[PDB]
$ cat entry.tsv   # TSV, N, CA and C atoms
chain	number	residue	atom	x	y	z
A	3	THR	N	71.26	199.11	95.54
A	3	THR	CA	72.02	198.26	94.64
A	3	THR	C	73.18	199.07	94.04
A	4	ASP	N	72.97	199.64	92.86
A	4	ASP	CA	73.89	200.65	92.36
A	4	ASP	C	73.79	201.88	93.25
A	5	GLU	N	72.62	202.04	93.87
A	5	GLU	CA	72.38	203.11	94.82
A	5	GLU	C	73.15	202.88	96.13
A	6	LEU	N	73.19	201.63	96.59
A	6	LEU	CA	73.92	201.31	97.81
A	6	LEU	C	75.40	201.64	97.64
A	7	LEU	N	75.93	201.37	96.45
A	7	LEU	CA	77.32	201.68	96.14
A	7	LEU	C	77.57	203.18	96.06
A	8	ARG	N	76.68	203.89	95.37
A	8	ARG	CA	76.76	205.34	95.26
A	8	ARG	C	76.74	205.99	96.64
A	9	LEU	N	75.87	205.50	97.50
A	9	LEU	CA	75.73	206.06	98.84
A	9	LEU	C	76.96	205.75	99.69
A	10	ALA	N	77.48	204.54	99.56
A	10	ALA	CA	78.69	204.14	100.29
A	10	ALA	C	79.87	205.05	99.95
A	11	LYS	N	80.09	205.28	98.66
A	11	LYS	CA	81.17	206.15	98.21
A	11	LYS	C	80.94	207.59	98.65
A	12	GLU	N	79.68	208.00	98.71
A	12	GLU	CA	79.31	209.33	99.19
A	12	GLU	C	79.70	209.49	100.65
A	13	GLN	N	79.40	208.48	101.45
A	13	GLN	CA	79.73	208.47	102.87
A	13	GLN	C	81.24	208.47	103.11
A	14	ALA	N	81.96	207.68	102.32
A	14	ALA	CA	83.41	207.61	102.44
A	14	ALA	C	84.07	208.96	102.15
A	15	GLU	N	83.54	209.68	101.17
A	15	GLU	CA	84.10	210.98	100.81
A	15	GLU	C	83.80	212.00	101.90
A	16	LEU	N	82.60	211.89	102.48
A	16	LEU	CA	82.21	212.74	103.59
A	16	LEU	C	83.06	212.46	104.82
A	17	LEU	N	83.32	211.19	105.09
A	17	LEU	CA	84.14	210.82	106.24
A	17	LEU	C	85.57	211.36	106.08
A	18	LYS	N	86.06	211.33	104.85
A	18	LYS	CA	87.39	211.85	104.55
A	18	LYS	C	87.46	213.35	104.85
A	19	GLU	N	86.45	214.08	104.38
A	19	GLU	CA	86.34	215.52	104.62
A	19	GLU	C	86.17	215.83	106.11
A	20	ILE	N	85.40	215.01	106.81
A	20	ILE	CA	85.17	215.21	108.24
A	20	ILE	C	86.44	215.00	109.05
A	21	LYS	N	87.15	213.91	108.77
A	21	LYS	CA	88.40	213.62	109.46
A	21	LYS	C	89.40	214.77	109.29
A	22	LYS	N	89.54	215.24	108.06
A	22	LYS	CA	90.43	216.34	107.71
A	22	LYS	C	90.04	217.64	108.44
A	23	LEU	N	88.74	217.92	108.48
A	23	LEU	CA	88.22	219.10	109.14
A	23	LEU	C	88.39	219.06	110.66
A	24	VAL	N	88.20	217.89	111.27
A	24	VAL	CA	88.38	217.75	112.71
A	24	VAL	C	89.85	217.95	113.08
A	25	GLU	N	90.76	217.47	112.24
A	25	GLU	CA	92.18	217.70	112.46
A	25	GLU	C	92.52	219.19	112.35
A	26	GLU	N	91.88	219.87	111.41
A	26	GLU	CA	92.07	221.31	111.24
A	26	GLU	C	91.58	222.07	112.48
A	27	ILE	N	90.43	221.65	112.99
A	27	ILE	CA	89.84	222.25	114.18
A	27	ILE	C	90.76	222.07	115.39
A	28	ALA	N	91.30	220.86	115.53
A	28	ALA	CA	92.20	220.56	116.65
A	28	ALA	C	93.41	221.49	116.64
A	29	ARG	N	93.99	221.71	115.46
A	29	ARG	CA	95.15	222.59	115.35
A	29	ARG	C	94.79	224.05	115.63
A	30	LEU	N	93.62	224.48	115.16
A	30	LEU	CA	93.16	225.85	115.41
A	30	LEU	C	92.91	226.10	116.89
A	31	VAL	N	92.38	225.10	117.59
A	31	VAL	CA	92.14	225.24	119.03
A	31	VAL	C	93.45	225.47	119.77
A	32	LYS	N	94.50	224.78	119.33
A	32	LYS	CA	95.84	225.00	119.87
A	32	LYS	C	96.33	226.44	119.64
A	33	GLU	N	96.09	226.97	118.45
A	33	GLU	CA	96.44	228.35	118.14
A	33	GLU	C	95.69	229.32	119.04
A	34	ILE	N	94.41	229.04	119.26
A	34	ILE	CA	93.54	229.90	120.06
A	34	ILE	C	94.00	229.90	121.52
A	35	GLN	N	94.53	228.77	121.97
A	35	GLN	CA	95.12	228.69	123.30
A	35	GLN	C	96.36	229.59	123.41
A	36	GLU	N	96.98	229.89	122.27
A	36	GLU	CA	98.12	230.80	122.23
A	36	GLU	C	97.68	232.25	122.06
A	37	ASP	N	96.61	232.46	121.30
A	37	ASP	CA	96.08	233.81	121.06
A	37	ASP	C	94.57	233.73	120.82
A	38	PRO	N	93.78	233.88	121.89
A	38	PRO	CA	92.32	233.77	121.79
A	38	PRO	C	91.65	235.01	121.18
A	39	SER	N	92.06	235.37	119.97
A	39	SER	CA	91.52	236.56	119.32
A	39	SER	C	90.10	236.32	118.83
A	40	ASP	N	89.37	237.41	118.61
A	40	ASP	CA	88.02	237.35	118.07
A	40	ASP	C	88.01	236.71	116.69
A	41	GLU	N	89.02	237.02	115.88
A	41	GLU	CA	89.06	236.54	114.51
A	41	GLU	C	89.27	235.02	114.45
A	42	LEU	N	90.17	234.50	115.28
A	42	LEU	CA	90.42	233.06	115.29
A	42	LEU	C	89.22	232.28	115.84
A	43	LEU	N	88.51	232.87	116.79
A	43	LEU	CA	87.32	232.25	117.36
A	43	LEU	C	86.14	232.30	116.39
A	44	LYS	N	86.06	233.37	115.61
A	44	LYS	CA	85.07	233.46	114.54
A	44	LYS	C	85.30	232.36	113.51
A	45	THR	N	86.57	232.15	113.17
A	45	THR	CA	86.97	231.11	112.23
A	45	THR	C	86.60	229.72	112.75
A	46	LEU	N	86.89	229.48	114.02
A	46	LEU	CA	86.57	228.21	114.65
A	46	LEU	C	85.07	227.94	114.63
A	47	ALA	N	84.28	228.98	114.88
A	47	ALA	CA	82.83	228.85	114.85
A	47	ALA	C	82.36	228.47	113.45
A	48	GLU	N	83.00	229.05	112.44
A	48	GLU	CA	82.68	228.75	111.05
A	48	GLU	C	83.04	227.30	110.70
A	49	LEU	N	84.19	226.83	111.17
A	49	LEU	CA	84.60	225.45	110.89
A	49	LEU	C	83.66	224.43	111.53
A	50	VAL	N	83.21	224.73	112.75
A	50	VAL	CA	82.29	223.85	113.47
A	50	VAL	C	80.92	223.81	112.78
A	51	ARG	N	80.47	224.94	112.25
A	51	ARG	CA	79.24	224.97	111.47
A	51	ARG	C	79.37	224.09	110.22
A	52	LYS	N	80.49	224.22	109.52
A	52	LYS	CA	80.79	223.37	108.37
A	52	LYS	C	80.82	221.89	108.76
A	53	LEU	N	81.40	221.60	109.92
A	53	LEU	CA	81.47	220.23	110.42
A	53	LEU	C	80.08	219.65	110.66
A	54	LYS	N	79.21	220.46	111.26
A	54	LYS	CA	77.85	220.02	111.54
A	54	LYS	C	77.11	219.68	110.24
A	55	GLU	N	77.32	220.51	109.21
A	55	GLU	CA	76.74	220.27	107.89
A	55	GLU	C	77.18	218.94	107.29
A	56	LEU	N	78.48	218.66	107.36
A	56	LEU	CA	79.04	217.42	106.83
A	56	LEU	C	78.51	216.20	107.58
A	57	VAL	N	78.42	216.32	108.90
A	57	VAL	CA	77.89	215.24	109.73
A	57	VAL	C	76.42	214.99	109.39
A	58	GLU	N	75.67	216.07	109.18
A	58	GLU	CA	74.28	215.95	108.74
A	58	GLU	C	74.21	215.22	107.39
A	59	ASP	N	75.07	215.62	106.46
A	59	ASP	CA	75.10	214.99	105.14
A	59	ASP	C	75.39	213.50	105.23
A	60	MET	N	76.34	213.12	106.08
A	60	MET	CA	76.69	211.71	106.19
A	60	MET	C	75.56	210.94	106.87
A	61	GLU	N	74.90	211.57	107.83
A	61	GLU	CA	73.79	210.94	108.54
A	61	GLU	C	72.61	210.69	107.60
A	62	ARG	N	72.34	211.67	106.74
A	62	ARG	CA	71.25	211.56	105.78
A	62	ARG	C	71.55	210.48	104.74
A	63	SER	N	72.81	210.39	104.32
A	63	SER	CA	73.20	209.36	103.37
A	63	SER	C	73.05	207.98	104.00
A	64	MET	N	73.49	207.84	105.25
A	64	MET	CA	73.40	206.55	105.94
A	64	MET	C	71.95	206.13	106.17
A	65	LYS	N	71.09	207.09	106.49
A	65	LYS	CA	69.68	206.79	106.72
A	65	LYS	C	68.98	206.37	105.42
A	66	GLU	N	69.29	207.05	104.32
A	66	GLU	CA	68.76	206.64	103.03
A	66	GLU	C	69.20	205.22	102.70
A	67	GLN	N	70.45	204.91	102.99
A	67	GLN	CA	70.97	203.58	102.73
A	67	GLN	C	70.25	202.55	103.60
A	68	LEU	N	70.00	202.92	104.86
A	68	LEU	CA	69.23	202.07	105.76
A	68	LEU	C	67.83	201.80	105.23
A	69	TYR	N	67.19	202.85	104.72
A	69	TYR	CA	65.85	202.72	104.15
A	69	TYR	C	65.84	201.70	103.03
A	70	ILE	N	66.76	201.87	102.08
A	70	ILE	CA	66.87	200.97	100.93
A	70	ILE	C	67.16	199.53	101.37
A	71	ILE	N	68.06	199.36	102.33
A	71	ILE	CA	68.39	198.03	102.85
A	71	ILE	C	67.16	197.37	103.48
A	72	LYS	N	66.50	198.09	104.38
A	72	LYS	CA	65.30	197.59	105.05
A	72	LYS	C	64.20	197.24	104.05
B	3	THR	N	71.61	188.65	110.48
B	3	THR	CA	71.54	187.93	109.21
B	3	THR	C	72.01	188.80	108.04
B	4	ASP	N	71.68	190.08	108.10
B	4	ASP	CA	72.08	191.03	107.07
B	4	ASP	C	73.25	191.87	107.57
B	5	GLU	N	74.45	191.62	107.06
B	5	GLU	CA	75.63	192.31	107.57
B	5	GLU	C	75.69	193.77	107.15
B	6	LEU	N	75.12	194.09	106.00
B	6	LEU	CA	75.08	195.47	105.55
B	6	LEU	C	74.15	196.28	106.45
B	7	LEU	N	73.08	195.64	106.90
B	7	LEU	CA	72.15	196.25	107.84
B	7	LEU	C	72.81	196.44	109.20
B	8	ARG	N	73.56	195.43	109.62
B	8	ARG	CA	74.25	195.46	110.91
B	8	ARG	C	75.25	196.62	110.96
B	9	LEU	N	76.05	196.75	109.90
B	9	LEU	CA	77.06	197.80	109.83
B	9	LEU	C	76.44	199.19	109.70
B	10	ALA	N	75.38	199.30	108.90
B	10	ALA	CA	74.70	200.58	108.71
B	10	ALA	C	74.12	201.07	110.03
B	11	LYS	N	73.52	200.15	110.78
B	11	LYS	CA	73.06	200.45	112.13
B	11	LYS	C	74.25	200.76	113.03
B	12	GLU	N	75.39	200.14	112.73
B	12	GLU	CA	76.62	200.37	113.50
B	12	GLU	C	77.41	201.60	113.04
B	13	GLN	N	76.89	202.31	112.05
B	13	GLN	CA	77.47	203.60	111.68
B	13	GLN	C	76.53	204.72	112.09
B	14	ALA	N	75.25	204.38	112.23
B	14	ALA	CA	74.20	205.35	112.51
B	14	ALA	C	74.25	205.83	113.96
B	15	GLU	N	74.59	204.92	114.87
B	15	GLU	CA	74.62	205.23	116.29
B	15	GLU	C	75.90	206.01	116.61
B	16	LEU	N	76.95	205.76	115.83
B	16	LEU	CA	78.20	206.49	115.99
B	16	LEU	C	78.00	207.92	115.55
B	17	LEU	N	77.34	208.11	114.41
B	17	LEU	CA	77.13	209.45	113.89
B	17	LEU	C	76.18	210.23	114.78
B	18	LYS	N	75.17	209.55	115.32
B	18	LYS	CA	74.27	210.19	116.27
B	18	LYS	C	75.06	210.72	117.47
B	19	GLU	N	76.01	209.92	117.95
B	19	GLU	CA	76.90	210.33	119.03
B	19	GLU	C	77.82	211.48	118.61
B	20	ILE	N	78.37	211.39	117.40
B	20	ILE	CA	79.22	212.44	116.85
B	20	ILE	C	78.45	213.75	116.70
B	21	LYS	N	77.22	213.65	116.20
B	21	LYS	CA	76.35	214.81	116.04
B	21	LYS	C	76.12	215.54	117.37
B	22	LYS	N	75.83	214.78	118.42
B	22	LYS	CA	75.66	215.31	119.76
B	22	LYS	C	76.88	216.08	120.25
B	23	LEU	N	78.04	215.46	120.12
B	23	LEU	CA	79.31	216.03	120.53
B	23	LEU	C	79.65	217.30	119.74
B	24	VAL	N	79.38	217.27	118.44
B	24	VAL	CA	79.61	218.43	117.59
B	24	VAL	C	78.72	219.61	118.03
B	25	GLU	N	77.46	219.32	118.35
B	25	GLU	CA	76.56	220.37	118.83
B	25	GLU	C	77.00	220.90	120.19
B	26	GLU	N	77.59	220.04	121.01
B	26	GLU	CA	78.14	220.43	122.30
B	26	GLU	C	79.34	221.35	122.11
B	27	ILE	N	80.19	220.99	121.15
B	27	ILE	CA	81.37	221.78	120.80
B	27	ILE	C	80.96	223.16	120.30
B	28	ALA	N	79.93	223.20	119.46
B	28	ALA	CA	79.43	224.46	118.93
B	28	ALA	C	78.99	225.41	120.06
B	29	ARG	N	78.21	224.90	121.01
B	29	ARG	CA	77.76	225.72	122.14
B	29	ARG	C	78.93	226.17	123.01
B	30	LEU	N	79.90	225.29	123.19
B	30	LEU	CA	81.07	225.62	124.00
B	30	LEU	C	81.90	226.73	123.36
B	31	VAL	N	82.07	226.67	122.04
B	31	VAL	CA	82.77	227.71	121.31
B	31	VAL	C	82.09	229.07	121.52
B	32	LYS	N	80.76	229.07	121.49
B	32	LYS	CA	80.00	230.30	121.74
B	32	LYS	C	80.30	230.86	123.13
B	33	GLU	N	80.46	229.98	124.12
B	33	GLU	CA	80.80	230.42	125.48
B	33	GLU	C	82.24	230.92	125.56
B	34	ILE	N	83.13	230.29	124.79
B	34	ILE	CA	84.53	230.71	124.76
B	34	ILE	C	84.64	232.11	124.15
B	35	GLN	N	83.80	232.40	123.17
B	35	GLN	CA	83.77	233.73	122.58
B	35	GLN	C	83.36	234.78	123.61
B	36	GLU	N	82.60	234.37	124.62
B	36	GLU	CA	82.20	235.27	125.71
B	36	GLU	C	83.25	235.33	126.82
B	37	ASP	N	83.94	234.21	127.05
B	37	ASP	CA	84.97	234.13	128.08
B	37	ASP	C	86.03	233.11	127.66
B	38	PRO	N	87.07	233.56	126.94
B	38	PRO	CA	88.07	232.64	126.41
B	38	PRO	C	89.07	232.20	127.47
B	39	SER	N	88.58	231.52	128.51
B	39	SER	CA	89.42	231.11	129.62
B	39	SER	C	90.22	229.86	129.28
B	40	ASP	N	91.36	229.70	129.95
B	40	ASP	CA	92.21	228.52	129.78
B	40	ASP	C	91.44	227.23	130.05
B	41	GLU	N	90.57	227.26	131.06
B	41	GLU	CA	89.82	226.07	131.46
B	41	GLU	C	88.83	225.62	130.39
B	42	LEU	N	88.07	226.55	129.83
B	42	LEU	CA	87.11	226.21	128.78
B	42	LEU	C	87.81	225.75	127.50
B	43	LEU	N	88.98	226.31	127.22
B	43	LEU	CA	89.75	225.92	126.04
B	43	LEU	C	90.37	224.54	126.23
B	44	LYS	N	90.74	224.21	127.46
B	44	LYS	CA	91.24	222.87	127.77
B	44	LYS	C	90.12	221.85	127.59
B	45	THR	N	88.91	222.23	127.99
B	45	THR	CA	87.74	221.37	127.81
B	45	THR	C	87.45	221.15	126.33
B	46	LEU	N	87.52	222.22	125.55
B	46	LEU	CA	87.27	222.13	124.11
B	46	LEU	C	88.27	221.20	123.44
B	47	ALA	N	89.54	221.33	123.81
B	47	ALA	CA	90.59	220.47	123.27
B	47	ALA	C	90.32	219.00	123.59
B	48	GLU	N	89.80	218.74	124.79
B	48	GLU	CA	89.45	217.38	125.20
B	48	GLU	C	88.29	216.85	124.38
B	49	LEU	N	87.28	217.69	124.15
B	49	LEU	CA	86.12	217.29	123.37
B	49	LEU	C	86.51	216.98	121.93
B	50	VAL	N	87.48	217.72	121.40
B	50	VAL	CA	87.91	217.53	120.01
B	50	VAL	C	88.73	216.24	119.84
B	51	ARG	N	89.56	215.92	120.83
B	51	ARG	CA	90.27	214.64	120.85
B	51	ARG	C	89.29	213.47	120.89
B	52	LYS	N	88.23	213.62	121.68
B	52	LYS	CA	87.18	212.61	121.75
B	52	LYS	C	86.48	212.49	120.40
B	53	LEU	N	86.28	213.63	119.74
B	53	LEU	CA	85.67	213.65	118.42
B	53	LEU	C	86.54	212.91	117.40
B	54	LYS	N	87.84	213.19	117.41
B	54	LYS	CA	88.79	212.48	116.55
B	54	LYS	C	88.67	210.97	116.67
B	55	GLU	N	88.56	210.48	117.91
B	55	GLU	CA	88.46	209.05	118.17
B	55	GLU	C	87.18	208.44	117.60
B	56	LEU	N	86.07	209.17	117.69
B	56	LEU	CA	84.80	208.67	117.17
B	56	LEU	C	84.81	208.61	115.64
B	57	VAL	N	85.42	209.62	115.02
B	57	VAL	CA	85.55	209.64	113.57
B	57	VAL	C	86.41	208.46	113.12
B	58	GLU	N	87.49	208.19	113.84
B	58	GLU	CA	88.34	207.04	113.53
B	58	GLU	C	87.59	205.72	113.69
B	59	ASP	N	86.71	205.66	114.70
B	59	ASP	CA	85.86	204.49	114.94
B	59	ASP	C	84.97	204.16	113.74
B	60	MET	N	84.66	205.17	112.94
B	60	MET	CA	83.84	204.96	111.75
B	60	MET	C	84.63	204.40	110.58
B	61	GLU	N	85.96	204.48	110.65
B	61	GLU	CA	86.79	204.15	109.49
B	61	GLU	C	86.73	202.69	109.09
B	62	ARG	N	86.94	201.78	110.04
B	62	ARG	CA	86.95	200.35	109.72
B	62	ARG	C	85.63	199.93	109.11
B	63	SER	N	84.54	200.34	109.76
B	63	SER	CA	83.20	200.02	109.29
B	63	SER	C	82.94	200.57	107.89
B	64	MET	N	83.39	201.80	107.65
B	64	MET	CA	83.22	202.42	106.34
B	64	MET	C	83.94	201.61	105.27
B	65	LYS	N	85.17	201.19	105.57
B	65	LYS	CA	85.97	200.42	104.63
B	65	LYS	C	85.35	199.04	104.38
B	66	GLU	N	84.78	198.45	105.43
B	66	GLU	CA	84.10	197.16	105.33
B	66	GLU	C	82.88	197.25	104.43
B	67	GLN	N	82.06	198.28	104.66
B	67	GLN	CA	80.85	198.49	103.88
B	67	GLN	C	81.20	198.62	102.41
B	68	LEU	N	82.23	199.42	102.14
B	68	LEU	CA	82.71	199.64	100.79
B	68	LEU	C	83.17	198.32	100.16
B	69	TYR	N	83.92	197.54	100.93
B	69	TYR	CA	84.46	196.27	100.44
B	69	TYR	C	83.32	195.29	100.14
B	70	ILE	N	82.39	195.19	101.08
B	70	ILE	CA	81.23	194.31	100.95
B	70	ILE	C	80.37	194.66	99.74
B	71	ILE	N	80.12	195.95	99.55
B	71	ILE	CA	79.23	196.41	98.49
B	71	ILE	C	79.87	196.31	97.09
B	72	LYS	N	81.15	196.67	96.98
B	72	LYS	CA	81.85	196.62	95.70
B	72	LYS	C	81.87	195.21	95.10
$ encode --input "entry.tsv" --output "C-alpha cells"
Amino acid sequence: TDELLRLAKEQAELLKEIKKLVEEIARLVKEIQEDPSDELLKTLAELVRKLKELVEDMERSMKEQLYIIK
Amino acid sequence: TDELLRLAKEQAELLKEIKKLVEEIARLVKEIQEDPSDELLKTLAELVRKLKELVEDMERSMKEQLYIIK
C-alpha cells in the first residue's frame, strides 16, 4: 500500500542508477579498446560488480513487491 | 485481472534476463583481463549495447507502475 509506493520509488531510483552505470560502462569499454591497461580493466571489473549489486537490489525490491501484491 | 501484478511479473523476467547478462559480462571481463583481444572486447561492447536495451525496456513499465500506484 504505502509499502507498494515506497518500493516503486525505490525501484525507480535503482533503475536510474543502473541506466547511468551501464552508460558509464559502455564508455569505459570504448576507452579500453583504445588502451587495454590493467588499471582500466580493474576499474571495469569494479563497475560490473557494482552493477550486479544494483540489479540484485532492484530484483529484491520487485520480489518483495510481488509478495505483497500476491 | 491485476495490472500491478502483471507489470511486476513483467519487470521480474526482464531483471532475471538482465542479471544473467550482467553475470556473463562479469565472466567475460575476467577473460579480457587474461587476454585483452580486439575480438573479446568487440563481444563485450555488443553485450553492453544489449544490456542498455534491456534496461530501457524496463523504463516504460517502471513509469507505468509509478503512475498506477501514485
$ residues_around --input "entry.tsv" --residues "region 45-62 of chain B" --least-positions-apart "5" --cutoff "7 Å" --atoms "all atoms listed in the file" --output "VMD selection string"
(chain A and resid 21 24 to 25 28 31) or (chain B and resid 13 16 20 27 40 67)
$ calpha_fit_rmsd --input "entry.tsv" --fixed "chain A" --moving "chain B"
1.2 Å
$ residues_around --input "entry.tsv" --residues "residue 37 (chain B)" --least-positions-apart "6" --cutoff "12 Å" --atoms "only C-alpha atoms" --output "list in words"
residues 38, 39, 40 and 43 of chain A; 30, 31 and 43 of chain B
$ atom_distance --input "entry.tsv" --atom1 "atom C of residue 68 (chain A)" --atom2 "atom C of residue 26 (chain B)"
28.3 Å
$ axis_aligned_box --input "entry.tsv" --around "region 51-59 of chain A" --padding-each-side "8 Å" --output "lines of an AutoDock Vina configuration file"
center_x = 77.8
center_y = 219.2
center_z = 108.7
size_x = 23.3
size_y = 27.5
size_z = 23.1
$ atom_distance --input "entry.tsv" --atom1 "CA of residue 69 (chain B)" --atom2 "CA of residue 23 (chain A)"
24.7 Å
$ atom_distance --input "entry.tsv" --atom1 "CA of residue 71 (chain A)" --atom2 "CA of residue 7 (chain B)"
6.5 Å
$ residues_near_point --input "entry.tsv" --point "(83.6, 227.9, 127.4)" --cutoff "5 Å" --atoms "only N, CA and C atoms" --output "VMD selection string"
chain B and resid 30 33 to 34 42
$ closest_residue --input "entry.tsv" --among "B:10, B:29, B:19, B:63" --to "chain A" --atoms "only C-alpha atoms"
B:10
